[PDB]
Protein chains: 4
Amino acid sequence: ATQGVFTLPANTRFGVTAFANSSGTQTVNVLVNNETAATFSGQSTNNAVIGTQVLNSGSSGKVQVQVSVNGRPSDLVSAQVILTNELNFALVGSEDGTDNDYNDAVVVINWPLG
Amino acid sequence: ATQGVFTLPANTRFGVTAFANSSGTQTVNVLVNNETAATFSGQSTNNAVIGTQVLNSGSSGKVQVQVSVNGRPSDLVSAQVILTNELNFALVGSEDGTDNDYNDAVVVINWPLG
Amino acid sequence: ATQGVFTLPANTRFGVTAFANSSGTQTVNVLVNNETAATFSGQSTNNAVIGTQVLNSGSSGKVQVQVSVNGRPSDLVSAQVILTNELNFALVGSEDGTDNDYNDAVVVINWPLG
Amino acid sequence: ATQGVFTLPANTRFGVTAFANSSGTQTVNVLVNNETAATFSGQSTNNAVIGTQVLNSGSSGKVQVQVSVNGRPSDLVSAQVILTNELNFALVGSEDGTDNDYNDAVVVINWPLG
Ligand SMILES: C[C@@H]1O[C@@H](OCc2cnnn2CC=O)[C@@H](O)[C@H](O)[C@@H]1O
Ligand SMILES: C[C@@H]1O[C@@H](OCc2cnnn2CC=O)[C@@H](O)[C@H](O)[C@@H]1O
Ligand SMILES: C[C@@H]1O[C@@H](OCc2cnnn2CC=O)[C@@H](O)[C@H](O)[C@@H]1O
Ligand SMILES: C[C@@H]1O[C@@H](O)[C@@H](O)[C@H](O)[C@@H]1O
Ligand SMILES: [Ca+2]
Ligand SMILES: [Ca+2]
Ligand SMILES: [Ca+2]
Ligand SMILES: [Ca+2]
Ligand SMILES: [Ca+2]
Ligand SMILES: [Ca+2]
Ligand SMILES: [Ca+2]
Ligand SMILES: [Ca+2]
């Protein structure tokens, strides 16, 4: 099934935050309406915040997360969870190798803000 | 029901990150085995990261998040999500006022690391 | 925080199903736009499916779950999970006593159907 | 990523329930420690319960759900959610066709019981 794709409410601010847990350099691209809106890069085996930004969902509300290591796309897992019918979390995990811990690049999207 | 309390696997390192979305200054305390292990503080209405840290779950694995604003504990909402039977997220939202957006302090715990 | 309340897609069919794990007789009420649409009841300590039904969410889409044992309201926990940006589960747990297993009446709401 | 595989606590009773939303007959296999423990089969486009049972997780705690339609394995989506650090849901969606509604056979695993 398709992973790493979420439909947010239109014209709404959201936060996007990436973590790294691998010996390979992670490249995280965040797409809004099929165009790159944010990009983060870095290497960590200690859960370093390789980037965090505030973006607008735009007219479409389509947000996609892609992860690659030196050009090679990582396998993705994702889900969305809503607490008390108000607070939203869009969660992404990625695997760049064989051990299947899926933490090599972890991406968290949260809304609403303010 | 009790919220913001999580049982992690014993002696496992986890990441903890806090965001702020309120007029008031947020104080986030992270407890391990019923003792304070980390404390974050700051103010933002733009989802700024007020703290991030790597901790150990210890012998018991019991981890608790508490949030205080303007001298009063915030109301908490929480849940744990596990993707592909490997990647764990422990999510916390909090409310300090009357609008019930529950984003005033957002806390994300993730494991395993490395 | 308010629990057991969910905003479903308007005018859409959903499935609601209840399980029982208590020595006390459970009563589950399902409200659609603030009016009782379904009621299930039973007594089992072995996860008996005391009721399953298909309902329409109506013009507003507001769905609420309430649980009571001998006329006393049970404490509720709830969350919504979305898989592959399409498949939805609204989950409810309830506690009628003091052991805090929160499984005394478990309610699962799923959509879309068909 | 692998889907439909869950690690439960050892020697623990759990409930497994399957729903159907497809013109094709759904066959659901539940494996405990890599051996078939339960099999459900049925057809519905109205979310009918095609089977429910209580099983023991055994010494390993490994539980796997498989879905097939007329011999053809369905693509699976899954996640585990824990409420108030006590109540566990293991959730499975499956797709047998081209529309990608992933509800053709829906499987809900819940624990603890009693
Ligand atoms: C330290 C390790 O780093 C990666 O493995 C090592 C690695 C480094 N670049 N690509 N890979 C995958 C193929 O070898 C990662 O997959 C593993 O979970 C650990 O975090
Ligand atoms: C068999 C037990 O049943 C309930 O407890 C016992 C019970 C029966 N009716 N109400 N109560 C709550 C006050 O005692 C329930 O809370 C507990 O988790 C077990 O499933
Ligand atoms: C009524 C429909 O039934 C299936 O489609 C029709 C069908 C019936 N058997 N296999 N397929 C897949 C290829 O045609 C299913 O995938 C779809 O979501 C609807 O529930
Ligand atoms: C700017 C406002 O500050 C406090 O009143 C919060 O309770 C609100 O959610 C909002 O963020
Ligand atoms: Ca890895
Ligand atoms: Ca890793
Ligand atoms: Ca607020
Ligand atoms: Ca706020
Ligand atoms: Ca109880
Ligand atoms: Ca019980
Ligand atoms: Ca389908
Ligand atoms: Ca279907």
Side-chain angles (χ1 to χ4, degrees), chain A residues 1-2 7 79-80, chain C residues 6-19 28 30-33 37-40 47-63 65 80-92 106-114, chain D residues 3-4 15-30 38-53 64-79 89-110:
Chain A
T2 309
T7 309
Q80 185 186 152
Chain C
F6 312 98
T7 301
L8 270 70
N11 311 305
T12 309
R13 287 170 65 245
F14 66 97
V16 60
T17 304
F19 308 88
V28 176
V30 182
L31 293 89
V32 174
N33 200 3
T39 308
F40 306 136
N47 207 50
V49 185
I50 62 164
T52 183
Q53 203 164 320
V54 177
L55 299 164
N56 194 288
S57 62
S59 64
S60 64
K62 187 179 179 179
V63 178
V65 179
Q80 182 185 331
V81 176
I82 307 169
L83 301 175
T84 190
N85 198 45
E86 179 278 330
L87 187 73
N88 291 58
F89 298 90
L91 304 162
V92 182
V106 169
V107 180
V108 179
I109 293 170
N110 69 299
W111 75 92
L113 308 188
Chain D
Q3 302 281 259
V16 56
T17 303
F19 304 89
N21 289 288
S22 174
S23 52
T25 309
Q26 305 293 312
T27 301
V28 182
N29 290 306
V30 188
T39 305
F40 311 131
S41 59
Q43 189 281 314
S44 182
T45 54
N46 291 313
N47 206 57
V49 177
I50 61 164
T52 182
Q53 205 165 321
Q64 181 165 22
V65 179
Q66 304 179 146
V67 178
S68 58
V69 177
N70 299 321
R72 181 180 181 267
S74 296
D75 189 52
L76 305 173
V77 282
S78 59
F89 296 94
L91 302 159
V92 180
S94 65
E95 179 59 44
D96 64 25
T98 53
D99 68 338
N100 292 343
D101 62 356
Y102 281 82
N103 67 6
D104 299 328
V106 170
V107 187
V108 180
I109 292 158
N110 70 293

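Sequence lines set the chain letters: A, B, ... in the order given, protein chains first and strands last, and positions in each chain run from 1.
Side-chain atoms of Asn47(D) do not come within 3.5 Å of backbone N or O of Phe19(D) as any donor-acceptor pair. At least one donor-acceptor pair closer than 3.5 Å links the side chain of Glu95(D) to the backbone N or O of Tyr102(D). Here the side chain of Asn46(D) pairs no donor or acceptor atom with the backbone of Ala48(D) at under 3.5 angstrom.
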For this session: Apply the test side-chain contact (heavy atoms from CB on, under 4.5 Å) to residues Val28(D) and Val107(D): give CA-CA distance (whole Å), side-chain angles for both, the deciding distance (0.1 Å), then the verdict.
Result: CA-CA 8 Å; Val28(D) 182; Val107(D) 187; 3.9 Å; yes
Problem set entry | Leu91(C)/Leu91(D) under side-chain contact (heavy atoms from CB on, under 4.5 Å): CA gap, chis, key distance, verdict | CA-CA 11 Å; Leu91(C) 304 162; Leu91(D) 302 159; 4.1 Å; yes
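Among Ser78(D), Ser22(D), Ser74(D), the one residue that satisfies the side-chain contact (heavy atoms from CB on, under 4.5 Å) test with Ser94(D) is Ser74(D).
The two residues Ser57(C) and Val32(C) come nearest to each other via the heavy atoms O-CG1, 3.4 Å. Taking every heavy atom of both residues into account, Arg13(C) and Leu113(C) meet most closely at O-CG, 3.8 Å. Summarising the geometry of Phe89(C) relative to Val92(D), their closest heavy-atom pair is CZ-O, 4.4 Å, with the distance given to 0.1 Å. When all heavy atoms are compared, the tightest approach of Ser59(C) to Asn33(C) is OG-ND2, 4.2 Å. Heavy atoms only, all atoms of each residue included: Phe40(D) and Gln53(D) are closest at CE2-OE1, 3.8 Å. Of all heavy-atom pairs spanning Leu83(C) and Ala79(A), the tightest one is CD2-CB, 4.3 Å.
The distance from the CH2 atom of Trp111(C) to the CD1 atom of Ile82(C) is 7.0 Å, given to the nearest 0.5 Å. Atom CG of residue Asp104(D) and atom OG1 of residue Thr45(D) lie 11.0 Å apart, to the nearest 0.5 angstrom. The CD1 atom of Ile50(D) sits 7.5 Å away from the OG1 atom of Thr27(D) when rounded to the nearest 0.5 Å. The distance from atom CD of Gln80(A) to atom OG1 of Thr7(A), rounded to the nearest 0.5 Å, is 8.5 Å. To the nearest 0.5 angstrom, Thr17(C) atom OG1 is 6.5 Å from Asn110(C) atom CG. Atom-to-atom distance recorded for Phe14(C):CZ and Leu55(C):CG is 4.5 Å, nearest 0.5 angstrom.
Partners of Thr2(A) according to the side-chain hydrogen bond (donor to acceptor under 3.5 Å, both in side chains) rule, which considers only residues two or more places apart in sequence or in another chain, do not exist here.
Between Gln26(D) and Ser44(D) the shortest side-chain heavy-atom distance does not fall below 4.5 Å.
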Got a list of side-chain donor-acceptor pairs under 3.5 Å for residues 65-72 of chain D, not counting sequence neighbours?
| from | atom 1 | to | atom 2 | distance (Å) |
| --- | --- | --- | --- | --- |
| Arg72(D) | NH1 | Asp96(D) | O | 3.2 |

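Between the side chains of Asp101(D) and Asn21(D), no donor-acceptor pair is found at a separation under 3.5 Å.
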